[PDB]
RNA sequence: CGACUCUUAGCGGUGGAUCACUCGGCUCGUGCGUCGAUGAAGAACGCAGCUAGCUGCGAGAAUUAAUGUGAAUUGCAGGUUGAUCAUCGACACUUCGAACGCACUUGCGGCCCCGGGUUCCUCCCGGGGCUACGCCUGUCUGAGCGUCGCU
RNA sequence: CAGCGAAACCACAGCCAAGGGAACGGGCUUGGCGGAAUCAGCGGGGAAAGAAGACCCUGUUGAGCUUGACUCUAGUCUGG
RNA sequence: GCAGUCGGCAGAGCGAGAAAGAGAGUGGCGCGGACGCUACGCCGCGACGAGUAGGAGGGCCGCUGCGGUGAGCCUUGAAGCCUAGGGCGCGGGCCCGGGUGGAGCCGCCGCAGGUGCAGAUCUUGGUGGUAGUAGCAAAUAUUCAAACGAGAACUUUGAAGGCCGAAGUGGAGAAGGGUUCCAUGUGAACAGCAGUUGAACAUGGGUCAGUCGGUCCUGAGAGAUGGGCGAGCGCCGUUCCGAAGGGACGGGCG
RNA sequence: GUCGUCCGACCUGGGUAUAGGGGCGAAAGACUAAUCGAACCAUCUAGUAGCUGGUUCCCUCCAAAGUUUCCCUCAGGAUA
RNA sequence: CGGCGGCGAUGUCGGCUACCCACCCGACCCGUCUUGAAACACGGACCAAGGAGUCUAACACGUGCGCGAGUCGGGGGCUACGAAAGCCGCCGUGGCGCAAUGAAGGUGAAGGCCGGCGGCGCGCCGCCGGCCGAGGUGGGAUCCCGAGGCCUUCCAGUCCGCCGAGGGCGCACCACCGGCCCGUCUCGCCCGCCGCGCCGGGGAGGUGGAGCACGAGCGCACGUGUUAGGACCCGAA
RNA sequence: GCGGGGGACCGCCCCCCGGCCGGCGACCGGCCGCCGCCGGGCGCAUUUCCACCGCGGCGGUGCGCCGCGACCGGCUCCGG
RNA sequence: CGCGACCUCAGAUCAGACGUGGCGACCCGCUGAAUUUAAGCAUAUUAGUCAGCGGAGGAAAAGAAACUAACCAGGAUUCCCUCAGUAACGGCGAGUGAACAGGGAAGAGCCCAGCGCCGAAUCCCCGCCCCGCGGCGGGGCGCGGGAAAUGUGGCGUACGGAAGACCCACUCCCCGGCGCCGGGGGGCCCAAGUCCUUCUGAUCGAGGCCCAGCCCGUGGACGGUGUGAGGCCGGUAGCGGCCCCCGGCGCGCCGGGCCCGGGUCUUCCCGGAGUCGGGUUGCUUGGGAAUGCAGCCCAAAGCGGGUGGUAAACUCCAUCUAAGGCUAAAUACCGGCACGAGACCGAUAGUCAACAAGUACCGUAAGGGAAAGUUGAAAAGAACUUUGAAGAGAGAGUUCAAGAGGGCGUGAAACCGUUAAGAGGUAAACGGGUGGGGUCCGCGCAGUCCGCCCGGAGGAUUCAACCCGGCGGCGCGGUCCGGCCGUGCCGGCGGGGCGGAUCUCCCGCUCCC
Ligand SMILES: [Mg+2]
Ligand SMILES: [Mg+2]
Ligand SMILES: [Mg+2]
Ligand SMILES: [Mg+2]
Ligand SMILES: [Mg+2]
Ligand SMILES: [Mg+2]
Ligand SMILES: [Mg+2]
Ligand SMILES: [Mg+2]
Ligand SMILES: [Mg+2]
Ligand SMILES: [Mg+2]
Ligand SMILES: [Mg+2]
Ligand SMILES: [Mg+2]
Ligand SMILES: [Mg+2]
Ligand SMILES: [Mg+2]
Ligand SMILES: [Mg+2]
Ligand SMILES: [Mg+2]
Ligand SMILES: [Mg+2]
Ligand SMILES: [Mg+2]
Ligand SMILES: [Mg+2]
Ligand SMILES: [Mg+2]
Ligand SMILES: [Mg+2]
Ligand SMILES: [Mg+2]
Ligand SMILES: [Mg+2]
Ligand SMILES: [Mg+2]
Ligand SMILES: [Mg+2]
Ligand SMILES: [Mg+2]
Ligand SMILES: [Mg+2]
Ligand SMILES: [Mg+2]
Ligand SMILES: [Mg+2]
Ligand SMILES: [Mg+2]
Ligand SMILES: [Mg+2]
Ligand SMILES: [Mg+2]
Ligand SMILES: [Mg+2]
Ligand SMILES: [Mg+2]
Ligand SMILES: [Mg+2]
Ligand SMILES: [Mg+2]
Ligand SMILES: [Mg+2]
Ligand SMILES: [Mg+2]
Ligand SMILES: [Mg+2]
Ligand SMILES: [Mg+2]
Ligand SMILES: [Mg+2]
Ligand SMILES: [Mg+2]
Ligand SMILES: [Mg+2]
Ligand SMILES: [Mg+2]
Ligand SMILES: [Mg+2]
Ligand SMILES: [Mg+2]
Ligand SMILES: [Mg+2]
Ligand SMILES: [Mg+2]
Ligand SMILES: [Mg+2]
Ligand SMILES: [Mg+2]
Ligand SMILES: [Mg+2]
Ligand SMILES: [Mg+2]
Ligand SMILES: [Mg+2]
Ligand SMILES: [Mg+2]
Ligand SMILES: [Mg+2]
Ligand SMILES: [Mg+2]
Ligand SMILES: [Mg+2]
Ligand SMILES: [Mg+2]
Ligand SMILES: [Mg+2]
Ligand SMILES: [Mg+2]
Ligand SMILES: [Mg+2]
Ligand SMILES: [Mg+2]
Ligand SMILES: [Mg+2]
Ligand SMILES: [Mg+2]
Ligand SMILES: [Mg+2]
Ligand SMILES: [Mg+2]
Ligand SMILES: [Mg+2]
Ligand SMILES: [Mg+2]
Ligand SMILES: [Mg+2]
Ligand SMILES: [Mg+2]
Ligand SMILES: [Mg+2]
Ligand SMILES: [Mg+2]
Ligand SMILES: [Mg+2]
Ligand SMILES: [Mg+2]
Ligand SMILES: [Mg+2]
Ligand SMILES: [Mg+2]
Ligand SMILES: [Mg+2]
Ligand SMILES: [Mg+2]
Ligand SMILES: [Mg+2]
């Protein structure tokens, strides 16, 4: 808000006496705005309580190791079919989930080649779900330049741009990303992992140099290696019913002793 | 009033600091404008290097930094004199000149002299009238293989 | 998607610019599509409407295959008046009801020399696009 | 039973809440970064066929010219060789205001020229051009028992 | 009576005796008891209305005035 | 306590007062078997439950907006609002039915806050009781007939009776007001009853100067230039540290 | 209504002069635009307040202090 | 219960609740300050809408995440949403951390065994070599060994699993004792050389320190608390 | 002599191989075997599968509303 | 006496110019509080802040050391990060509080006076001619007038400068005009559904568009159009088009200017004064025996002066060269012109102002300062009849709807009118517990199915078992065949990248004959 808002009056309290409630009031004049409650959050007119300043800390810096960590985790989750279907991408007919199409499609120019590529890669049902999710937003966002909301289709991730961005950018829901500039805001939308990704081939091969293996560090980063698993076998059921633990377990007490 | 065990603090907020608060919401705008001014300068001085003239090797004073060398303001007049370069043609062929700087030792003098003689060895000088080459100007092969250099001209290393 | 940083997409700015547009910009807003035969004749999809175009109403209560000439282009309420597109008041006098030209199909233009110049310009720019695409 | 009173529901008033809209703000950022004695900023008074306000304009007064545009304006009348709009580079721009002949009353001048008047000889009337302070360079007229020289 | 037509005030309200109670109740306890809607009067009560007690005290709250209060200062006297 | 749902790859045990193995080897027909287990879940025992100031936890309590999501809802009717309808929850609150309304809205995971009201002699707006009550009582006074009009205590005319009583309730000006002046029309609003009336509202009109005033003079004073002061806008000063006369008759010369 | 004065330190219009720690006062701290023991307007200023008033959803669990010592401390803090 | 009964279609069944009414018992009007309020304490006629612990900075502690003796690009630079995100390492300058202590000059964080030699009178009081080497005591979660033993005719007899008297190594941590570093004090003998000096270094014993004694920090986010800011909101003279 | 280029070494990584070993339950193919399912045949009605009926039995769940009884068990208050 | 120089000073409506005033967000120079905090208050703090005054510009100011430092030294100014809440100041209390070094952004330097030499070689103005003529400029002619020797111009400025002699070495910079060749404003334009049904008051809704899975899509931003639109329209996208205009950028011609240097040696020369500095006073600063500024008094020097953060004397050393001047960029910008955007606000909010808002109105004045959005898709804004003097009705009519009727969307609550029902002497109201009556609800009113078996008739080309084919699951099928992978390892007549504070043939460069 403006820092002059509500303070652009001359207003004194009438003091005690006068059988009125001791708030500042407007001076003089024959008009409605005369003795009419000027300063304070409780008055009509007057500034709000604790007026919002511009120098609120709008921006948050995240550690670089954590930002690469989140990119690593979102990429890792975008290759498991349960997590992307739980994100709601329609992938029940795609032929492999780390869906890498070969490098010819980066040289696309027209949108019809892009649509035919998605239809033959069976990812067009996601764009059809995005079309079905096109609607108007509830609330004042419509009056604040945010009239239409719609869900997210795939993220086409590429290495070099030979027109693929212009060939794909008119299809709704599709986000284009360069592998050198992977965005966590566009690879885990809403903070939820499981974004559907369609890779191109050189884009897919540069991932082992952008983030590294465990044996080799990142060739395209200064000092970064892949984060380390706090547990390596996460199959808890396979761990528990393996014979080594079961020979050391005691007998289970499965019997209900009620009152 | 103070509570239990804690620091004694002296915040310097007893003035009317909120008039003179300088937010940085124009930070990427300043960065993007400085970048476009840099590329406009680099495009204007088209074969001359973008960062600027060559800067000499200076030892930092004041014992915390006196093991480290860095780029000074300009080559000093005795360095240009030993290198055999006129102190007015130096700034025309791209050499920074510091009249104010003394020398106190031979080795920094000689290192910046050898820097000047290493820079004039790399200098490709275009002729002043484009259809008529002159006596000291560079030849048409290095004119056709001239490029604009990025970063500091022969950057200073420890 | 718009990429031009000088063209606004702000809803209130677009609405202010539409409802406070001066009359020669209003003429371009009050533009009607040509018929299918007029499209295949002049290679022009849309044209600003004038005081003598024979048109058809295709949306509204007065829609149908009947044809009437525009009798008035009332640019201030963004409407046009067509011949038999009318309604009767209480007292028995007919008044013309306003029709927006976007709901209007032009079947016969008033061909002036200005109109022919505009038609040639639109057809030529369309063909420049068609022969630039290949 | 009734009248009156109380409670609840239905309907109707009073009132303008809520909700949904939004040619308006607020905040941030970009580019440019321009007033005036050639009279600014501001103010006053006028100007439309019907016009009070707002807006636009200046006795050429809701505008003139030129260009772009290309058939309207419209609340009602009336009347394409370019209507209306936009641009605006041509022209015009009342009175005051630093405000400038002197004053602040719409008061009083003075000088020059032109037209009536006259019969330029003055008057009188109308019109035009000048008449403020400070200050710079230069010009002319001068001032001085200032300093000299010459006769 | 015809026409016109306000305001102050208002937790809810409004019959008493004693009791206890924040030591003087319209409400609570125990009694006396209690009957629509009203008019003109009336000044016992509502510890009635009016105005964040002006008396008194506290505040590390002031202001007007005085001087032998503390610290300064215009002016003035005096020396350089 | 429960990963032991350990099934023709079966054998369905582990509450039982007493440290530990329902251990393994080798010599002497019919194709069957509830549920469970959002492990942040589910189940079982036992004890307990006051609460101001205050602290903590859980909210499938609520509002607004953002990021994801619901192949969500919606002109075959959204939000909002009303309801003697049906219900749910300990509760915050929510869901559904009916009606009205006429265009948007909500569930879930996270994010953000200008996020929940009974009070503050709170702010702004609206409405009550009081109450058809107080009141329309200072300056002696009105009555009769007629007219116009839908309509008369009040307008107009006539008659009568009265008052101001020339220091006026008269005839005129100053200042101030600014069209209130005049004529016609209207009776919506105002003129604290009314009104056919008005200083109201709407249409048109109206102010004529050599001699009447301003204009001119100076008064008490105000106030520039000069001068002086002043960081400075400027201030003092008004004859004072001023070369302050631009005027005139006569003579000569063009 | 009754009254003081009503040829003189009389009453009065217009013009003019004095402006806020200043004016003006036949002197009451009177008057200075319903304001005067320091006018009015705007700003500094959302001045400060150990002092009054208020402080907005539910359920669950735990649950006080008015005492010690020091303080221009006694309507407040620090400390236990 | 492997016991039964009665009533039913236009006048009846059920509906704890929900509207009105009746009755018995209970029951003073809320908010607030207060030892004590229903108070003859103050605010509140009624209704709708608005209306009060916020933001920034610093610090503390707790918690979550990342990396970790390091950590951090925040400032700069390179390449619609995007003013975002990605990158830079010869952009870690720098911050905080890894070292303290003293006013400062300044100094700055284990030592023992062996071979050789009453100089003195380090048997004591230095340097040549080699070796071993970062303390101890008590408690201490966990863990290790195991005298024996956990039956199915009975003697063996092996392997595995389990239990176990007793004995161990002892995490973190606590308490105590030693040890080391800087300041300061007391006592006392030596060792060094480019300059042998108003030089420099050492020891024993106390004692002051926000230290060491085989790290734990940095960045980010959340929560509370204390402040400086209008600072929860309204209020002076 | 300086600075730079060259070479060697060392470490790590990547790729060819030669060999063990592990996994294919975050990651397979081929045939063989066993099973299960789907489809198509043959099979042809003392089998199978549909739908109806009895106030049928068995086991579970409830009776539309209003009721009553019986015994079992727990806690109680009494009595002979 | 008179005439003429010069100096000083006047006058003019003399000829030509210039200043005033405004705006003021940012900037510069002065002036300059108190509230506040210190739990009082006086120094301090607030704060060199507000208010006041003057002056600007598109930036200002600052700025090329009378500097920092004590180092192996750096090198104008400005700005950012860090220095650093530190040195230091402080009733040493409250509190205040820099600088250097370092990394960056930017980056640019220069000119006088003085000292000297060149026949004042210099400048301004009027007259004529030619050109260009809307930034009044270029060439030539004037026995044209002034300024200036009380010092203009050329060279030259502390980094040194100049002159002479000896060597080395090129003839190309710029001005005024002019024509010719290859970013900015404005204007006009450029894809594809109104296809077939269907909802509706209206569709932009819903369904469909085959074998091209309607069409375009470098366009699926947005707005308008009778709900909701990629395809109806304007637009959007595009190194898309066209036409003007204004530049910038190259080459060419005419006239004019400038007829210029580096090195070596020799000889000369060189600096800003009522200023520095001292004392004192007052303000200011972190600057503390005095950081800066100012008044007053004293008052300089030249192997000198200033600084070297403790006053002073002696002595070394270091570093600059004061008292004259200009200078872009990085930097700042709540005013203005034109834009764009938003996790903002949504008519008691957001600016005071969404609207005839700094308006109406108030105050003598300085000043103070509102309320107020919404019919509908379209006025289609209710013709006509009838009552009344009329307002106001009743009919009729428009509309999807007047249950939207010109302060009209939705239309809450308080409060009021009426209808319905119930009740009524301890004011009402409430909690618990029932009862009665209503309103509706259960679309209650002969009441439950589910699984297995028995019986009864019925229907069905039907079960098991065998054949073919496909799919899937599962002993390494001990040691079936082959692949792939390893936060697995070993081997090497292996072929490479990266790194290392691990060691050691060529080139450049620096002394040496
Ligand atoms: Mg406001
Ligand atoms: Mg809403
Ligand atoms: Mg506390
Ligand atoms: Mg640069
Ligand atoms: Mg409303
Ligand atoms: Mg014209
Ligand atoms: Mg025209
Ligand atoms: Mg006068
Ligand atoms: Mg009456
Ligand atoms: Mg009472
Ligand atoms: Mg009672
Ligand atoms: Mg009484
Ligand atoms: Mg009081
Ligand atoms: Mg009082
Ligand atoms: Mg006290
Ligand atoms: Mg006082
Ligand atoms: Mg409890
Ligand atoms: Mg609508
Ligand atoms: Mg908000
Ligand atoms: Mg309320
Ligand atoms: Mg009465
Ligand atoms: Mg009346
Ligand atoms: Mg009259
Ligand atoms: Mg006459
Ligand atoms: Mg004066
Ligand atoms: Mg008097
Ligand atoms: Mg007195
Ligand atoms: Mg107190
Ligand atoms: Mg108290
Ligand atoms: Mg009772
Ligand atoms: Mg209280
Ligand atoms: Mg008391
Ligand atoms: Mg109470
Ligand atoms: Mg009492
Ligand atoms: Mg009180
Ligand atoms: Mg009250
Ligand atoms: Mg509310
Ligand atoms: Mg922490
Ligand atoms: Mg943006
Ligand atoms: Mg704390
Ligand atoms: Mg406050
Ligand atoms: Mg606070
Ligand atoms: Mg206040
Ligand atoms: Mg003149
Ligand atoms: Mg104080
Ligand atoms: Mg205080
Ligand atoms: Mg005080
Ligand atoms: Mg100060
Ligand atoms: Mg100021
Ligand atoms: Mg000025
Ligand atoms: Mg300017
Ligand atoms: Mg300067
Ligand atoms: Mg510097
Ligand atoms: Mg620090
Ligand atoms: Mg200060
Ligand atoms: Mg520095
Ligand atoms: Mg000279
Ligand atoms: Mg010169
Ligand atoms: Mg210099
Ligand atoms: Mg469709
Ligand atoms: Mg659309
Ligand atoms: Mg639309
Ligand atoms: Mg479509
Ligand atoms: Mg189109
Ligand atoms: Mg288009
Ligand atoms: Mg375009
Ligand atoms: Mg000070
Ligand atoms: Mg010294
Ligand atoms: Mg010293
Ligand atoms: Mg100088
Ligand atoms: Mg200088
Ligand atoms: Mg409003
Ligand atoms: Mg509203
Ligand atoms: Mg408003
Ligand atoms: Mg409304
Ligand atoms: Mg409706
Ligand atoms: Mg409606
Ligand atoms: Mg309505
Ligand atoms: Mg009744």
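Chain A uses Swiss-Prot numbers throughout; the residues present, in order, are 54-312.
Here the Cβ of each residue, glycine as well, is placed from N, Cα and C on the backbone.
The C-beta environment of residue A:239 (SUMO2 cross-link), restricted to residues of the same chain at least 6 apart in sequence and closer than 8 Å, consists of A:208, A:228, A:230, A:248. Sequence annotations record features per position, and here Swiss-Prot assigns SUMO2 cross-link to A:239 based on similarity to another entry.
A C-beta separation below 8 Å, combined with a sequence spacing of at least six in one chain, links residue A:97 (omega-N-methylarginine) to A:89, A:90. Among the features that Swiss-Prot reports, omega-N-methylarginine is placed at A:97, with the record citing similarity to another entry.
Under the heading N6-acetyllysine, Swiss-Prot lists A:106 (among others). Cβ neighbour count for residue A:106 (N6-acetyllysine) (all protein chains, 10 Å cutoff from its Cβ): 11.
If you draw a 10 Å sphere around the CB of residue A:259 (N6-acetyllysine), it holds 17 other CB atoms from the protein chains shown. Per Swiss-Prot, the feature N6-acetyllysine maps to A:259 (among others); the stated evidence is similarity to another entry.
Sequence annotations record features per position, and here Swiss-Prot assigns phosphothreonine to A:266. Counting only same-chain residues six or more apart in sequence, the Cβ atoms lying under 8 angstroms from the Cβ of residue A:266 (phosphothreonine) belong to A:279.
When other Cβ atoms within 10 Å of the Cβ of residue A:290 (phosphoserine) are tallied across all protein chains shown, the result is 7. Annotation source Swiss-Prot lists phosphoserine at A:290 (among others), citing similarity to another entry.
As annotated by Swiss-Prot, phosphoserine applies to A:295 (among others), with the evidence given as similarity to another entry. Annotation for residue A:295 (phosphoserine): no same-chain Cβ neighbours under 8 Å separated by at least 6 residues are found.
For residue A:300 (citrulline), applying a Cβ distance below 8 Å and a minimum sequence separation of six or more within one chain yields no residues. What Swiss-Prot records for A:300 is citrulline.
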Query: Could you tell me the C-alpha distance between residue A:106 (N6-acetyllysine) and residue A:259 (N6-acetyllysine) in angstrom, no decimals?
result: 45
